There are 2 protein chains.
Amino acid sequence: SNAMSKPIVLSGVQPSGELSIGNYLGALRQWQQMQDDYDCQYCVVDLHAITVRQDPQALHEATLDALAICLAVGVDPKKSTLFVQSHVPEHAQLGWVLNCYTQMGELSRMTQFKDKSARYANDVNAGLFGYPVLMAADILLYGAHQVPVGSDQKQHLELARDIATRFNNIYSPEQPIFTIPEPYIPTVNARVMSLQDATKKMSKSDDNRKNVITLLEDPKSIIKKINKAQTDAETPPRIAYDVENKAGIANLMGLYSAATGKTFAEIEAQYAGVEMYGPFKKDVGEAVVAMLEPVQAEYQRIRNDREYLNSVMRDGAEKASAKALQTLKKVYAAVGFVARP
Amino acid sequence: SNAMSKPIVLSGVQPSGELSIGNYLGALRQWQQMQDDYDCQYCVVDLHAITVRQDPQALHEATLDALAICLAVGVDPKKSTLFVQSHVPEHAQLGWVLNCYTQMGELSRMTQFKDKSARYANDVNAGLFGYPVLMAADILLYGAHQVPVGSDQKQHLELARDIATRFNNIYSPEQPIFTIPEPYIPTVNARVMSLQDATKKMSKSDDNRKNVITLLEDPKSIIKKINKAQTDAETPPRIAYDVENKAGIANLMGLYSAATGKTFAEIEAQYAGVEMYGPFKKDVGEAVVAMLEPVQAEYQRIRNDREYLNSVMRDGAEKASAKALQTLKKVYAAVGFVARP
């Protein structure tokens, strides 16, 4: 009654890299609907970005890029809580407290830290080590019931659960202070594969950019990449859906289906008797451009309306802090701090 | 012109344990004067207290105890910046950022962490590991030129210097953002020794309480402890100052001198020809009670005036945040964050 009857979801949005068409089809395309079915928070995680050395100007602009992509796919500041992490002071504050309820061993065993320790040698910074604790704060501040996490963030989510449980057991065993978060289950299981290796999931961090279409990719680059996509060895060519034997075509059919709304049964019929993949790949690229272009256009407009973006940031930070401060006050009272008068 | 012409000093005040008469004579007795000669901040470090498991109610009350002891020795909220750490949100915020410029190796080699790791086994928490970074934030927020540090905090102060230098070299090599802090040099080198082992400095954390007089110790306990203090083996007894050969008497003479203003030359003359230590120890205990009692009385009054304490906390947090936020904004801009609009 009413937001109180929907689950609370918190999503972390990175201000770095470029989102892929897999991220779009697997997640962002569904955000406008999720905003109606869940009480959603979208946090642009700039405090986590600086765990690796960032060019300052690039980070600044990437933050605005992330905010604008959220708006472009239909995140509404009035219907969701959309904000930049560093704008909401409660995040770092709860993070410090939660450090005191996190075991060193729990952080040292994190696979993401162990990788970066190996890459950076003695330079490895304490932020990279500690960011799972800050992630836990990010989630727990909002009492999120559900959190979307990639494969590489699952261990981190488990630690958040462990920290919340530990704290609740100490301070509030009968009326818990923290909600124990669970993974969010996406409503579309998109299967977007690397364009030149259809056996491998499309990855936004792939060094091989021939495998990847990004959400803000130039339409001409999208067309070229799709025209060079893996098909299959079937002779004569046959456009039919089959992941095991026709993986490349299956990936193209999945893209065409997403872009046009056509079912695999309609696509098979459309190309019945066509013994060539070239025209089909042209059709797919054009369809993918037509799907993304409207998002790109909305993005490019929103992105250069700084007065609007500032309004969004201001209103989101206020809305987020109002919620987060309630949690922070309860945590501070529980551990024994004197409340600020 | 005018506060801008005095050095900035930040002192950390623990909300745990009990301050000793050595802490009083070595440090706190001089705070009223320091407040005039330096631009002083006194931070009650409750965020650092929770790096070890605290009873919540005990921590709450210990915070108020610490605040009241500062006021009782003459820290004036109008002349100094006196506040509780957790009341000023900028501390945890800068702490997170500074984690990202601190090497894991720098924290792992800290002697204080290595001790606690050995004591707590797998329980050792990430707060105990990371608190040098938060200490650095506590200092750097105020642009402190000088920081009083005990032997056990010197390594931590060096890390603050290292972090400030590293950050300045990256972001501001010509116009530094951070002031590089140095140790504060106390104006009185008090030599307050353990009462039953005059060869060892009096320690507030001594398990042997017979060695320690605390600032808020009951006068009757002070009298008993001083009457059982170490003297020396000289026969006939002779009250004369000599640290190497008459350490126990030297310690008692130092206490009597502090308490009465009498020089060692006056004390020697006062007891000329007196071949007994008993009357002298009675005189010392009475003098020490008379010195501390007025502080105790002011403390006990201030401590139970919650409206006043709340005023002090409110005004101090406002004053501290106004300074700290200026530093935080500069740091956030430098690393590349979008400023909250």
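Numbers run from 1 along the shown chain.
Cβ coordinates come from backbone N, Cα and C, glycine included.
Listed features, source the PDB entry:
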SEQADV    A:1-3  expression tag
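Pulled from Swiss-Prot:
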BINDING   A:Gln14, A:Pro15, A:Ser16, A:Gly22, A:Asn23, A:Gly150, A:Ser151, A:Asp152, A:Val192, A:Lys201, A:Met202, A:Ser203, A:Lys204, A:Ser205  ATP binding site
MOTIF     A:15-23  motif ''HIGH' region'
BINDING   A:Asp138  L-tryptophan binding site
MOTIF     A:201-205  motif ''KMSKS' region'
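If you measure from the Cα atom of A:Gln14 (ATP binding site) to that of the residue listed as 'L-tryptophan binding site', you get 13 Å. Sorting each residue of the motif ''HIGH' region' (A:15-23) by its DSSP state yields 3 helix, 1 strand, 5 coil. Ranking the binding-site residues A:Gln14, A:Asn23, A:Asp138, A:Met202, A:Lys204 by how many Cβ atoms sit within 10 Å of each one's Cβ puts A:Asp138 at the top. Shown in sequence order, the list is empty: the chain has no residue 6+ apart in sequence with a C-beta less than 8 angstroms from the C-beta of A:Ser151 (ATP binding site). For the pair formed by A:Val192 (ATP binding site) and the residue listed as 'L-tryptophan binding site', distance between Cα atoms is given as 29 Å, rounded to the nearest Å. Listed in sequence order, A:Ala49, A:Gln54, A:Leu59, A:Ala62 are the same-chain residues at least 6 apart in sequence whose CB falls under 8 Å from the CB of A:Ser16 (ATP binding site). A separation of roughly 23 Å, to the nearest angstrom, links the Cα atoms of A:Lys204 (ATP binding site) and the residue listed as 'L-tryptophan binding site'.
Counting in whole angstrom, A:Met202 (ATP binding site) lies 28 from A:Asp138 (L-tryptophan binding site) by their C-alpha atoms. Taking DSSP states H, G and I as helix and E and B as strand, the expression tag (A:1-3) has 1 helix, 0 strand, 2 coil.
Across the fold, the C-alpha of the residue listed as 'L-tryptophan binding site' and the C-alpha of A:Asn23 (ATP binding site) stand 21 Å from each other. According to DSSP, A:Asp138 (L-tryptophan binding site) is assigned to a helical segment. DSSP assigns A:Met202 (ATP binding site) to coil, not to a helix or a strand.
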